[PDB]
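Trainee: experimental structure and its sequence below.
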Amino acid sequence: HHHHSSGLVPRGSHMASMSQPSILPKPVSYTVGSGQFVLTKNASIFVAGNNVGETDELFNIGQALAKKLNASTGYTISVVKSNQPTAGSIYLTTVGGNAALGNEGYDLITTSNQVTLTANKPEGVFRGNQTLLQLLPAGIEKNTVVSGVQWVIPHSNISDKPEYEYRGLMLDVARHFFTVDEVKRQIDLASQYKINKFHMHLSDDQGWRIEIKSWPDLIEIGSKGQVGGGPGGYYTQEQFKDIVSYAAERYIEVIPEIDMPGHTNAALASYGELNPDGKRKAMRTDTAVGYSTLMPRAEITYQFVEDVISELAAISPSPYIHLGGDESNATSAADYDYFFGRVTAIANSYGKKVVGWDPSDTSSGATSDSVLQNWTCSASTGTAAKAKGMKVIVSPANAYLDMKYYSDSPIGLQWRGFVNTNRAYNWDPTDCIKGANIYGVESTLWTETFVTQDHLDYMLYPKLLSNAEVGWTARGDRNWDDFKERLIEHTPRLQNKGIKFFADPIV
Ligand SMILES: CC(=O)N[C@@H]1[C@@H](O)[C@H](O)[C@@H](CO)O[C@H]1O
């Protein structure tokens, strides 16, 4: 047999350039039969759970769906608590879910008279709703009313569940600041592709972005800049709670990161007492990494960390806090081991499990409940994690979405090489680490060179679609030629959402 890899498309990107569902990520099964369902102005969404509490949760999910459908159709679809759906209805139920599909799995069966989504849990109804939106015609994704499109769904049968439990996106809001609205938008867009985790990189050398009432100068001084100089910004604790709540409506866990002991210049610029000479560091607006450190043998360091963790824990319902641990090149190995162990004890005392970048798993203070975020993806990375029974989240080069698509990309870094839409697809988590308990995947969007929402869109779309499928779709069912053609077909949907995507010439 004959095989080949993909080159660039002759005459340019199909994303330029180019009854038809566009499901991404690819579901476990999808078959189409004869006939179609028509969504009309009289349609209702019916919801029914196994008890009144569950029905109430489904009702909220139904309302979220109704809102989305209403925006593009111009209809006023309402939600009804009843297990007796009427012809032309969408029906969302957890009664009799297939347990093998797990918390996030679902069946979605469309007949001529009815759309029925059957899941084990409300979470699965939410995920299945993302597929339902992709079964309706392009135009359904519009935020304004679309005329001249019949709102049809082919008679079809879908079953689905994720391959990995953790399918995340990290946004760096330290290097450049993004508004609550901008953050909510990225969470919303990601949710449509079954991303279920959002990691906020809230602090680094160039800025500190979370209000800490016990150390107010973290904001008064530490938030006032960013890469390239200029105003910066921050989130109040109320704003952070608002982000968490918004994510929760999409069944997205928010994991906040306070990077330590490295990547700490903004803290060091805020409080002189965190420095050996007792003086504040000057703020840094460059893009160098690795140079900064907390004082690993000063008790004030651990008091500071405890105050930050106490306040963050109080406002962050996730059982996880990310404490960073990358590129502590001004911290000795001995001090790093000691420091990371001490801060893990603090986090645990406030009821939080610790996530950390490699090599944080090597800390003698880690527990089997700690999580390794494996970004290095070398043969030796996560040796400690594996021996300790720690879950691993992988973030290989293929998941570093801040990398340029190509040598000539106008934004992005390139220290992990270039990552086009194909590279973002053609990998497997088991490539990064062998013999581990792989919790899942996280796409990291560092922001050294991204200033505007358009920059975020350009780099995340279509790259994040590739990573999302790697997290959701089983390896045996992943195929670039398949995904590429599906992505071409999906393009109008990106346009309709107002995503300022890159029309990748390999698509
Ligand atoms: C864990 C990690 O990635 N650390 C740094 C991060 O601060 C930087 O923004 C990113 C840019 O790609 O490169 C990394 O080396």
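Mentor: Received, thanks. Numbers count the residues shown, from 1 in each chain.
Trainee: quick one: residue 309 and residue 351 touch, right?
Mentor: No: between residue 309 and residue 351 no contact is recorded; they are 10.2 Å apart, counting by C-beta atoms under 8 Å. C-beta coordinates here come from the backbone N, C-alpha and C atoms, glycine included.
Trainee: with neighbour numbers in mind, choose between these two.
Mentor: When residue 309 and residue 351 are compared for neighbours, residue 309 comes out ahead with 23 against 9, by other C-beta atoms under 10 Å.
Trainee: in a strand, the more buried one, correct?
Mentor: No: checked against DSSP: H, G, I helix; E, B strand; the rest coil, residue 309 lies outside a strand; its state is helix.
Trainee: residue contacts, residue 130?
Mentor: For residue 130, the contact set (C-beta atoms under 8 Å, 6 or more residues apart in numbering) comprises 191, 192, 193, 194.
Trainee: highest neighbour count among those?
Mentor: Using other C-beta under 10 Å as the neighbour criterion, residue 194 leads these with 24 neighbours.
Trainee: kindly reformat the contacts of residue 130 as JSON lines containing distance to residue 179.
Mentor: What follows is those, written out as JSON lines (distance: C-beta to C-beta, whole Å):
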{"residue": "191", "distance to residue 179": "18"}
{"residue": "192", "distance to residue 179": "20"}
{"residue": "193", "distance to residue 179": "22"}
{"residue": "194", "distance to residue 179": "25"}
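Trainee: inside strands: which ones of those residues?
Mentor: Secondary structure assignment by DSSP state E places none of the contacts of residue 130 in strands.
Trainee: how about these in CSV, adding distance to the ligand?
Mentor: Output for the contacts of residue 130, formatted as CSV (distance: C-beta to the nearest ligand atom, whole Å):
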residue, distance to the ligand
191, 24
192, 25
193, 22
194, 24
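Trainee: measure residue 218 to residue 47 for me?
Mentor: Going from residue 218 to residue 47 by C-beta to C-beta, to the nearest Å gives 44 Å.
Trainee: ok, residue 263 next?
Mentor: Between residue 263 and residue 47 the distance is 45 Å, computed by C-beta to C-beta.
Trainee: which one's more surrounded, those two?
Mentor: More crowded of residue 263 and residue 47, by other C-beta under 10 Å: residue 47, with 30 against 27.
Trainee: buried ones in stretch 138-156?
Mentor: If you call a residue buried by 16 or more other C-beta atoms under 10 Å, then stretch 138-156 has these buried ones: 138, 139, 140, 141, 142, 146, 151, 153, 154, 156.
Trainee: swap that for stretch 33-49, sorry
Mentor: Within stretch 33-49, the residues that count as buried by 16+ other C-beta under 10 Å are 36, 37, 39, 43, 44, 45, 46, 47, 48, 49.
Trainee: quick check: chain neighbours aside, which residue is closest to the last one?
Mentor: It refers to residue 49. Leaving aside its sequence neighbours, residue 49 sits nearest to residue 55 (C-beta to C-beta, 6 or more residues apart in numbering; 4.0 Å).
Trainee: please enumerate the strands of the stretch 151-300 of the chain.
Mentor: If DSSP state E, counting those that start in this stretch is used as the criterion, the strands of the stretch 151-300 of the chain fall at 152-160, 166-172, 197-201, 253-257.
Trainee: the last one vs strand 166-172, what angle?
Mentor: This means strand 253-257. With axes from the mean of the first three to the mean of the last three C-alpha atoms, to 10 degrees as the basis, strand 253-257 and strand 166-172 are set at 40 degrees to each other.
Trainee: the ligand contacts on the stretch 151-300 of the chain?
Mentor: Counting by C-beta under 6 Å from any ligand atom, the residues of the stretch 151-300 of the chain close to the ligand are 263, 289.
Trainee: now the residue of the stretch 151-300 of the chain found nearest the ligand. Nearest residue, chain neighbours left out?
Mentor: With C-beta to the nearest ligand atom, the shortest gap between the stretch 151-300 of the chain and the ligand falls at residue 289, namely 5.1 Å. Of all residues beyond its chain neighbours, the one nearest residue 289 is residue 327 (5.1 Å), with distances taken as C-beta to C-beta, 6+ apart.
Trainee: three-state assignment of that neighbour?
Mentor: For residue 327, the reduced secondary structure class is coil; criterion used: three-state DSSP.
Trainee: gap between it and the ligand?
Mentor: For residue 327, the distance to the ligand (C-beta to the nearest ligand atom, to the nearest Å) stands at 5 Å.
Trainee: what of residue 33?
Mentor: Where the ligand is concerned, residue 33 sits at a distance of 47 Å (C-beta to the nearest ligand atom).
Trainee: can you tell me the SS state at that residue?
Mentor: Residue 33 is classified as strand under three-state DSSP.
Trainee: look up the closest residue to it, ignoring the ones flanking it.
Mentor: With sequence-adjacent residues excluded and distances taken as C-beta to C-beta, 6+ apart, residue 33 is closest to residue 155, at 4.2 Å.
Trainee: pretty sure that neighbour sits against residue 31.
Mentor: No: under the contact definition of C-beta under 8 Å, residue 155 does not touch residue 31, with a separation of 9.5 Å.
Trainee: now do the phi/psi pair for residue 109.
Mentor: Phi and psi for residue 109, reported as degrees, to the nearest 10, are phi -120, psi 120.
Trainee: contacting residues around it?
Mentor: The neighbours of residue 109, taking C-beta under 8 Å, 6+ apart as the test, are 115, 116, 118, 156, 157, 158.
Trainee: filter these down to the buried ones.
Mentor: Burial by neighbour count, 16+ other C-beta under 10 Å: within the contacts of residue 109 this picks out 115, 116, 118, 156, 158.
Trainee: list the contacts for the first one?
Mentor: If you count contacts by C-beta under 8 Å, 6+ apart, residue 115 has them with 37, 89, 90, 91, 108, 109, 132, 153.
Trainee: measure it to residue 310 for me?
Mentor: From residue 115 across to residue 310, the span is 47 Å (C-beta to C-beta).
Trainee: could the strands of the stretch 151-300 of the chain go into JSON lines alongside distance to residue 396?
Mentor: Formatted as JSON lines, the strands of the stretch 151-300 of the chain follow (distance: least, C-beta to C-beta, whole Å):
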{"stretch": "strand 152-160", "distance to residue 396": "25"}
{"stretch": "strand 166-172", "distance to residue 396": "14"}
{"stretch": "strand 197-201", "distance to residue 396": "16"}
{"stretch": "strand 253-257", "distance to residue 396": "19"}
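Trainee: between those, which gets nearest to residue 474?
Mentor: When these are ranked by distance to residue 474, counting by C-beta to C-beta, first place goes to strand 152-160 at 10.9 Å.
Trainee: quick one: strands adjacent to that closest one?
Mentor: With DSSP bridges as the criterion, the sheet partners recorded for strand 152-160 are strand 29-38 (antiparallel), strand 106-110 (antiparallel).
Trainee: got the contact list for the helix or strand following the longest one?
Mentor: Sequence-wise, the next helix or strand beyond strand 29-38 is strand 44-48, with elements assigned using DSSP states H and E. By C-beta under 8 Å, 6+ apart, the list of residues contacting strand 44-48 from outside reads 55, 58-59, 61-62, 65-66, 77-86, 89-95.
Trainee: switch to 6 Å and redo it
Mentor: Residues from elsewhere that reach strand 44-48 (C-beta atoms under 6 Å, 6 or more residues apart in numbering): 58-59, 62, 66, 78-83, 85, 89-93, 95.
Trainee: report the buried members of these.
Mentor: Taking 16+ other C-beta under 10 Å as the criterion, what is buried in the contacts of strand 44-48 is 58, 59, 62, 66, 79, 80, 85, 89, 90, 91, 92, 93.
Trainee: among those residues, which are located in helices?
Mentor: Judged by DSSP state H, these include 58, 59, 62, 66 as members of helices.
Trainee: my read: residue 352 touches residue 321, true?
Mentor: Yes: here residue 352 reaches residue 321: they are 4.4 Å apart, a contact under C-beta atoms under 6 Å.
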